[PDB]
Amino acid sequence: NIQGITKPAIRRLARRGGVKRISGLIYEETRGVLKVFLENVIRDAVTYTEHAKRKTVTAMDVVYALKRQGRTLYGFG
Amino acid sequence: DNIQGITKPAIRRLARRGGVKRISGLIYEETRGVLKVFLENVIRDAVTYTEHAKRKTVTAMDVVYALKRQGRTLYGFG
Amino acid sequence: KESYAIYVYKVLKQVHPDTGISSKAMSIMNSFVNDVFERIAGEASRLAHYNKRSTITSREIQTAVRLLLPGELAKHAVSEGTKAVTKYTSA
Amino acid sequence: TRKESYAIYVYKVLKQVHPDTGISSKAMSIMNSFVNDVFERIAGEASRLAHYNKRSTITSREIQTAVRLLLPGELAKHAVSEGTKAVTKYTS
Amino acid sequence: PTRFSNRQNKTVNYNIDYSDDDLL
Amino acid sequence: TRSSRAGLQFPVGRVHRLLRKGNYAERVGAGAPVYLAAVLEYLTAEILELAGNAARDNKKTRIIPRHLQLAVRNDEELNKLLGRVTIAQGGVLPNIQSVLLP
Amino acid sequence: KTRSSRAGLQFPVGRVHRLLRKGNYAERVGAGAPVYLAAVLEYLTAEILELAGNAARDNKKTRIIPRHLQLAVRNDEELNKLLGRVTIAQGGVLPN
Amino acid sequence: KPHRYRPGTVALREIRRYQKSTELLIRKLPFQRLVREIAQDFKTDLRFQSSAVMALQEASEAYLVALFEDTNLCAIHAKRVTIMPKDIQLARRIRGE
Amino acid sequence: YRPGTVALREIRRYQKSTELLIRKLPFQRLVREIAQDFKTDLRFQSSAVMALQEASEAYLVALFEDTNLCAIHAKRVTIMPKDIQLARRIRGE
């Protein structure tokens, strides 16, 4: 499942980040930190959705969660 | 100069609290530089609060507000 | 010119009556409690505004605690709050 | 049911700065987000100032100082010039 | 004593007395 | 119309209503909303100016988020104001650490 | 008599309710909010006072001082996270 | 002859290409599959606005590329071009996480 | 004492200690010098100068503690200016 995100995607990301050369040990650690980041945001998004009594999460819940984390995403209204 | 009042020994003592085992001689200027910038960041904020307060002394409170704006909350002075 | 000092002494005497506390440490506590109060109230306000609701009630602070606190701290704090409001409303 | 946004004002000011160009709806949404963010930031800071001085009210002086704090120096200088001339026109 | 935490924190040492006879 | 009296393009009414409904204070002085509208229209004018120039350099007439990310990061004051903002499809500035070059 | 006693709490339900009404956090507040907030504040203060108590106790010190507060709050990784940005005046570093 | 490029030339072309690009660099279905299996650990049966999934996709992509851009400096500081897990561990520790 | 142990000793000492390291008057003269740039008509509460030195020392110590990690990751032990520049660039300032 986290195996669905797979090496070429990580490579492409790192290339946008200018990583010229990339050791084989990095893919598991990047999966790790990605899982942590997702958990840390989903926790709050789900919490907002629960408090709204809804069963549907919304982009507003996500951007609220991110703003609470302290990085702000424009363009989703 | 007033910035030279931050002595090399004191900077070394701070580095020792930082656990620094060994210090290259250039760091004393870098530490002064960043410190001056750090002051130059917070102080203009604090005096701006005083100007809004229209008072002429600063107070511990308004500098605490400046640190709060800096995202660097300091307890104990209130 | 209100401050929390006496309440701090009450909780102190409950947890550890054996020991005093420095006025500096008291001023630290008075800063901390005000900071966390401002934080949680700010979050509760953000919640109520987001829901377009007019009012703050227990459910808002209950959610904001689950947002601001670490999970285990939230788990205990929300329980204590539930107990407190249960007693208050029963009484 | 109805929407609310700054989009028409963004478009108007764009035409004033540049009469030829236009923008994607994505860009318009991003602009509306930016405007909402900066509005919330300045209002929050102004309310902090208000409470710090036990004031009941938000006025020109409050916003002028909250913006002087939020903006970097050259932006703040221009913003305060814009606000000053705007207020003086409005009262005139 | 009246209040006790539920939280299963580990035991902690807070003593910060130390010597220098390892350095001599 | 208050915006016309001020000579501003932004909605003095809408912002005053938002200051009321946002409950930032129990009182709002009449100067506050016009000053806020002025600073908002100034900031937006600046960012639209830079985005327009970026679009012209790319020889495209409709501005798109790439142009916004370019404009906002190519000015150090905008970047400082917006250091922790991110924007959809705002692909980062092209750069390479010269050590990486042959 | 006071609502704190009705809740079984030490913290000043009156003062906190007044502050909530004063602070323009909302136009309205329910009676449960202030007592719940007092409850959680009293819990967190009890926790930190406990830890500082231990930080004094093994230093053989009869009386809490800021150094003990820092020693406590930086040892608990959860409270450290909660105070991650906080600076404690006269709080030295942890030994390492 | 195969006209094989020597190592790194292709990598530098990739870097230039993907810094020119803005599109999302990661497959949609795998991501929106994963995220709901994460959500399942908090609460079952959540429905999602697709726009919410796109917001998460964008935020996570930006966060990852920012962390890579930071760790590149760390690898430069070790005066080696290959990044290593200890590098991103350091970068995270310095950022504070 | 064995060679070089003084560094370890004074590290352990100043980690144990809590007091301010900087001289009070020099720091006050410094912050007054910085301030008078913004407005000549000025006064300070002494507690404000205390808060300033406290915050600045805490910030410096934190920056040192990070840059030490940078140095050891480079497998040096001597701290170097490029370490400071890196650590600041990672944190953002």
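Below, the structure is looked at part by part.

**Notes on the overall build of chain D**
Step number 1: Helix and strand counts for chain D stand at four helices and two strands.
Step number 2: Along chain D, from the amino end to the carboxyl end, the secondary structure elements read α-β-α-β-α-α.
Step number 3: Radius of gyration (C-alpha) of chain D: 16 Å, far over the 12 Å computed for a compact globule of 92 residues.
Step number 4: By principal-axis analysis of the C-alpha atoms, chain D measures approximately 45 × 35 × 30 Å.
Step number 5: Taken across its 92 residues, chain D has 50% of its residues classed as buried.
Step number 6: The long-range fraction of contacts in chain D, counting pairs at least 24 apart against all pairs at least 6 apart in sequence, stands at 31%.
Step number 7: In chain D, 14 positive and 8 negative side-chain charges are present, and the distance between their average locations comes to 4 Å.

**Structural notes on the arrangement of the chains**
Step number 1: Where 21 pairs of chains are in contact, the pair with the most contacts is made of chains C and G.
Step number 2: Separating chain A from chain G is a minimum C-alpha gap of 13 Å, and the two share no contact.
Step number 3: Regarding chain C and chain I, which are not in contact, the minimum distance between any of their C-alpha atoms is 13 Å.

**Section: the interface of chain A and chain H**
Step number 1: At the junction of the two partners, chain A supplies 42 residues and chain H supplies 47 residues.
Step number 2: Note on chain A versus chain H: buried area summed over both sides is about 4,300 Å², and carbon and sulfur give 76% of it.
Step number 3: Taken as a group, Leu13, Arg15 and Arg16 of chain A account for 17% of the area that chain A buries against chain H, more than any other trio of residues on that side.
Step number 4: Linking chain A with chain H are two salt bridges, by the criterion used here.
Step number 5: Across the pair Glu61 of chain H and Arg16 of chain A runs a salt bridge, and its minimum N-O distance is 2.9 Å.
Step number 6: Run the count over chain A and chain H and you get 16 residue pairs in polar contact.
Step number 7: Contributing elements (two or more residues each) for the side of chain A that touches chain H: α1 (7-16), β1 (21-22), α2 (26-51), β2 (56-57) and α3 (59-69) of chain A.
Step number 8: Counting residues per element, the side of chain A that touches chain H draws most heavily on α2 of chain A, at 14 residues.
Step number 9: Classifying every residue of the side of chain A that touches chain H gives 23 nonpolar, nine polar and ten charged.
Step number 10: Bridge analysis of β2 of chain A against strand β1 (residues 47-48) of chain H gives two bridges, and the strand direction is parallel.

**Some words on the interface of chain G and chain C**
Step number 1: Each partner contributes residues to the interface: chain G has 48 residues there, and chain C has 55 residues.
Step number 2: Summed over both sides, the interface of chain G with chain C buries roughly 4,900 Å², with 71% coming from carbon and sulfur.
Step number 3: When the buried area of chain G at its contact with chain C is split by residue, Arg15, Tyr25 and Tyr36 of chain G rank highest and sum to 16% of it.
Step number 4: At the boundary of chain G with chain C, the tally comes to two salt bridges.
Step number 5: Measuring nitrogen to oxygen at the nearest pair gives 2.8 Å for the salt bridge that ties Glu2 of chain C to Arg15 of chain G.

**Digging into unusual backbone geometry**
Among all residues save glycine, negative phi is the norm, and among peptide bonds the norm is trans.
All names here are of chain H.
Step number 1: Look at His3: it is not a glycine, yet its phi comes out positive at around 55°.
Step number 2: Judged by relative accessible area, which is 63%, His3 ranks as exposed.
Step number 3: One non-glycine residue, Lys79, lies in the positive phi region at around 50°.
Step number 4: With respect to the helices and strands, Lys79 occurs in the loop between α3 (50-77) and β2 (82-83).

**A closer look at the pattern of salt bridges**
Step number 1: According to the stated counting rule, one finds 41 salt bridges over all chains in the structure shown.
Step number 2: The salt bridge involving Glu72 of chain C is made with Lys75 of chain C; its shortest N-O contact spans 2.9 Å. Taken as a pair, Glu72 of chain C and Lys75 of chain C lie in helix α4 (residues 71-90) at a separation of three residues, close to a single helical turn.
Step number 3: Note that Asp22 of chain E and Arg12 of chain I form a salt bridge whose closest N and O atoms lie 3.1 Å from each other.
Step number 4: What makes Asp22 of chain E partly exposed here is its relative accessible area of 39%.
Step number 5: Residues participating in the shared-partner salt-bridge network are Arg93 of chain H together with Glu65, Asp66, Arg91 and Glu93 of chain I.

**Side note on the state of the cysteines**
Step number 1: Within the structure shown, the criterion is met by zero disulfides over all chains.
Step number 2: There is no disulfide at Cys74 of chain H, and the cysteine sulfur nearest it, in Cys70 of chain I, is 6.9 Å away.
Step number 3: Overall, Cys74 of chain H belongs to the buried group, its relative accessible area being 4%.
Step number 4: Residue classification places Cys70 of chain I among the buried positions, given a relative accessible area of 3%.

**Structural notes on the side chain of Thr57 of chain D**
Step number 1: Mapped onto the secondary structure, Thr57 of chain D falls in strand β2 (residues 57-58).
Step number 2: Residue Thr57 of chain D is classed as buried on the basis of its relative accessible area, which comes to 17%.
Step number 3: When residues no more than four places from it in sequence are discounted, the contact partners of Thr57 of chain D are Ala50 and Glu62 of chain D together with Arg27, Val28 and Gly29 of chain F.

**Things to note about the packing of helix α4 (residues 85-95) of chain H against helix α3 (residues 46-73) of chain I**
Step number 1: Running from N to C, α4 of chain H and α3 of chain I cross one another at 170°; their axes reach a closest spacing of 10 Å. The angle between the axes of α4 of chain H and α3 of chain I places the two elements in the roughly antiparallel class. In contact with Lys86, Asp87, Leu90, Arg93 and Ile94 of chain H of α4 of chain H, α3 of chain I contributes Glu65, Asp66, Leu69 and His73 of chain I.
Step number 2: Grouping the amino acids of the contact of α4 of chain H with α3 of chain I by side-chain chemistry returns three nonpolar, one polar and five charged.

**Structural notes on the environment of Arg41 of chain D**
Step number 1: Examined against the element boundaries, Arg41 of chain D turns out to sit in helix α2 (residues 25-52).
Step number 2: In this structure the C-alpha to C-alpha distance between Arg41 of chain D and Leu70 of chain D, which are 29 residues apart in sequence, comes to 8.2 Å.
Step number 3: Side-chain polar atoms of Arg41 of chain D contact the backbone oxygen of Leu81 of chain F, separated by 3.4 Å.

**Structural notes on the environment of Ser46 of chain I**
Residue and element names in this part refer to chain I.
Step number 1: With respect to the helices and strands, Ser46 occurs in helix α3.
Step number 2: The exposure class assigned to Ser46 is exposed, which follows from its relative accessible area of 58%.
Step number 3: Considering only alpha carbons, one finds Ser46 and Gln28, 18 residues apart in sequence, at a separation of 9.0 Å.

**Overview of the environment of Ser79 of chain C**
Step number 1: Relative to the helices and strands, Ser79 of chain C resides in helix α4.
Step number 2: Here the alpha-carbon distance between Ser79 of chain C and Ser45 of chain C, two residues 34 residues apart in the chain, equals 22 Å.

Reading guide: rules and limits
- Summary of conventions: residues on each chain are numbered from 1 in written sequence order, possibly unlike the entry numbering, and any residue without coordinates is omitted from what is shown.
- Lettering of chains starts at A and numbering of ligands starts at 1, both following the order in which they are written.
- Bear in mind the chains here are only a fraction of a larger assembly, and the values reflect that fraction.
- The side-chain figures draw on all heavy atoms in the structure; neither hydrogens nor water molecules are used.
- Residues with missing side-chain atoms are left out of burial classes, side-chain pairs and their counts.
- Labels follow the DSSP assignment, with helices taken as runs of H or I lasting at least four residues and strands as runs of E lasting at least two, numbered in each case from the N terminus.
- Radius of gyration: C-alpha atoms only; globule rule: 2.2 Å multiplied by the number of residues to the exponent 0.38.
- Here's how the labels work: a residue is buried when its accessible area is under 20% of the maximum for its type, exposed when over 50%, partly exposed in between, all with a 1.4 Å probe on protein chains only.
- Throughout, a residue-residue contact means that at least one pair of heavy atoms, one from each residue, lies within 4.5 Å.
- A residue counts as positive if it is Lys or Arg and as negative if it is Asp or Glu; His and the chain ends are not included.
- By convention, the point assigned to a charge is CZ for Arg, NZ for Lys, CD for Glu and CG for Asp.
- Once two parts are brought into contact, the accessible area they lose, counted with a 1.4 Å probe and summed over both, makes up the buried area.
- By convention in these notes, a salt bridge is any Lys or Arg side-chain nitrogen within 4 Å of a carboxyl oxygen on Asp or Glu.
- Here a polar contact is recorded for every N or O atom pair within 3.5 Å, except that within protein the pair must consist of a potential hydrogen donor and a potential acceptor, and residues adjacent in sequence are included only if both atoms are side-chain atoms.
- Ten residue types, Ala, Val, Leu, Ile, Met, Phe, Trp, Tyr, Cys and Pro, are classed as nonpolar, four, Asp, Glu, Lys and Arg, as charged, and the remainder, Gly among them, as polar.
- Between any two strands, at least two bridges found by DSSP are needed for them to pair.
- The disulfide definition used here is simple: a pair of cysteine sulfur atoms within 2.5 Å.
- Fitted lines through C-alpha atoms serve as axes, helices being fitted only where they are in contact, and the angles separating the N-to-C directions of these axes extend from 0 to 180 degrees.
- Throughout, the term roughly parallel applies to angles under 35 degrees, roughly antiparallel to angles over 145, roughly perpendicular to angles from 65 to 115, and oblique to all others.

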